[PDB]
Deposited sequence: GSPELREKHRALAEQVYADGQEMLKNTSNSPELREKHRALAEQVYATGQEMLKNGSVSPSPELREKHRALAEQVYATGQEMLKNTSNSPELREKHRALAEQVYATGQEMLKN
């Protein structure tokens, strides 16, 4: 429907992934970086919704996984330090979101 919106979503997704990976490599991240990631997360989520307004079952899966990853991140917003356990459970989920989005491409 709108390729411009799809590519905005993609580019935002890429940037979420980069600071995610960047943040993974540090025991403590500045609030600036943590906030960039999460503002970007908010905008990929928003652009994804905008597109719902491939197959329906694949979009459904991706959407459900997005919500789960976003809800997971919100819990991490309350923590000055997120542990390996938390950080890796979030990474695993986020990986499934990326995969399913790429499966639609």
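- Positions of the deposited sequence absent from the coordinates, in order: 54-58, 111-112.
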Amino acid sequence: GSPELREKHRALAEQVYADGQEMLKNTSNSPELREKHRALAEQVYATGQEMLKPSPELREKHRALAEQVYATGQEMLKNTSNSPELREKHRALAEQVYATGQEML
From here on, numbers count along this sequence of modelled residues.
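- In this entry, 54-62 shows the higher mean Cα temperature factor of the pair 54-62 and 33-41.
- When the C-alpha B-factors of 42-50 and 23-31 are averaged, 23-31 comes out higher.
- For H9, the recorded CA B-factor ranks within the lowest third of the chain. Only modelled residues enter the ranking.
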